[PDB]
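Shown next as structure tokens: one chain only, the form deposited in one PDB entry.
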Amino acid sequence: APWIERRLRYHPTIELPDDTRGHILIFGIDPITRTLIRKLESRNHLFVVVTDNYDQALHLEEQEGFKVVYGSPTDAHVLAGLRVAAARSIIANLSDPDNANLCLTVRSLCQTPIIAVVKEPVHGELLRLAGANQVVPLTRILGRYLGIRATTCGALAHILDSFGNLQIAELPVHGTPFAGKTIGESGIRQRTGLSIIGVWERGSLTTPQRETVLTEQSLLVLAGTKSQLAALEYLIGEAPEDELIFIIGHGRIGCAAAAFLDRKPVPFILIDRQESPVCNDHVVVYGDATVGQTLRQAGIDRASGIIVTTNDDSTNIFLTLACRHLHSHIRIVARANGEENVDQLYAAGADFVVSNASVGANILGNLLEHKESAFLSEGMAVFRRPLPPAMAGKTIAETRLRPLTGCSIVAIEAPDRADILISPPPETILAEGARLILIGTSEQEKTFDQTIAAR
């Protein structure tokens, strides 16, 4: 066995057997890709994590879920041994230069798809050029999610502007009037005309029922026109005269959150242990937040909210304990670097925990699992239309919309106050006065109305 075997001097694996197919191979093991493995164990997937650190290989070889290979990720010969042409997907999670090198190298050998994690927003373009076909600015995203949760009140965070008509935004419920209520009694479609595409609750995008009661923690995906969204901003109200978010840590994430807050102009103060060599736009206070007066003197006592974004979890927990114990009114949003700390961050007294490991693994998994659906929608228009009077009663197949307009239907919201139906089967009876959501070419969107009217 390899049982008896591995009690002898250790040697790493260098290459994979020739018949290796449909494996996913990971470059840049960390808590986000470790979570991605664990999470995709419902499928008998094969994960190959590649390390060029001989010492790392040794330790990973005792962990299950995945196979470790040792070798230089940027040498064609190593990649060839990994059977990159035969692989299902490739996850590029290295430094940005190392990723470009990785891409270009594999791209010289095959077209196997690559999802790359980009550490600097502006680098995304470059990783595409190098041949990544999917580029996830994880730290930008993780920042945004901190930014969103941090305000006293919670406003609209824009997600999509589809060709200057239909818009998609999210809305945290916390400061809002809608907190502790049902989706029905909140009166959103009734006051605004907006559609509620869904609800985030635990990285789970749930179809929103009428009876569903939303918490302080609920995040509401919404679609509508710019004007409609405005009507909604009016309803939530305006923020406190003097809110001030205080961001502990100005690493790549803290920087992102800061960059988020600056757009909806929200004042913030930043603490870091270090001048941090990428940012030239944010004025930072230097010190160890862990040290006594550091925080008080930096003026944490004027803050309406705190964002705990240290690369160390023990620290994040500690700062949470401290800020809650000292300033028990302030809203605290904390970053969880590993998923095995998320609970302690709550225990310590955080209001929300952005769980990096989950959020990341979650995005990656979806890009893997829903590859085709994502592709099929690239560059397409999403728009909303009142059902044409002469189509009421009809079934979806009966309207013949795709063959006549090119556009098809992806969601219907019922005429009555009734939950949204996403991905309706073609045998769906189109009700009295429902609104429908349609994906189509943007050119065909411009034209849809004209053809429906023509017939």
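Each residue number is its position in the shown sequence, starting from 1. Only the largest set of C-alpha atoms that superpose within 1.5 Å between the two forms is called the rigid core.
- Higher mean CA temperature factor, per the PDB entry, when comparing 65-73 with 413-421: 413-421.
- Legend: mean Cα B-factor per stretch from the PDB entry, 198-206 versus 152-160; the higher mean is in 198-206.
- Highest C-alpha temperature factor among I141, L319, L171, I183, as the PDB entry reports it: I183.
- The PDB entry gives the largest Cα B-factor of the residues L214, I332, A258, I248 to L214.
- Split the chain's modelled residues into thirds by C-alpha temperature factor. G193 is in the highest one.
- When the modelled residues of the chain are ordered by C-alpha B-factor, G406 sits in the middle third.
- When all modelled residues of the chain are sorted by CA temperature factor, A57 is found within the middle third.
- Per the deposited record, the Cα B-factor of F383 falls in the middle third when ranked against the other modelled residues of its chain.
- Per the PDB record, residue ranking by Cα B-factor puts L40 in the highest third of the chain.
Missing here is the form deposited in another entry; even so, the following discussion is about that form.
- Of the residues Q217, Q167, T105, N133, exactly one exceeds or equals a 2 Å C-alpha shift between the shown form and the other one once the rigid core is aligned, and that residue is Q167.
- Shown in the overlay between the shown form and the other one, fitted on the rigid core, is a CA shift at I422 of 2 Å or greater.
- After superposing the rigid core, the C-alpha of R402 moves by 2 Å or more between the shown form and the other one.
- Relative to the superposed core, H23 shifts its CA atom by less than 2 Å between the shown form and the other one.
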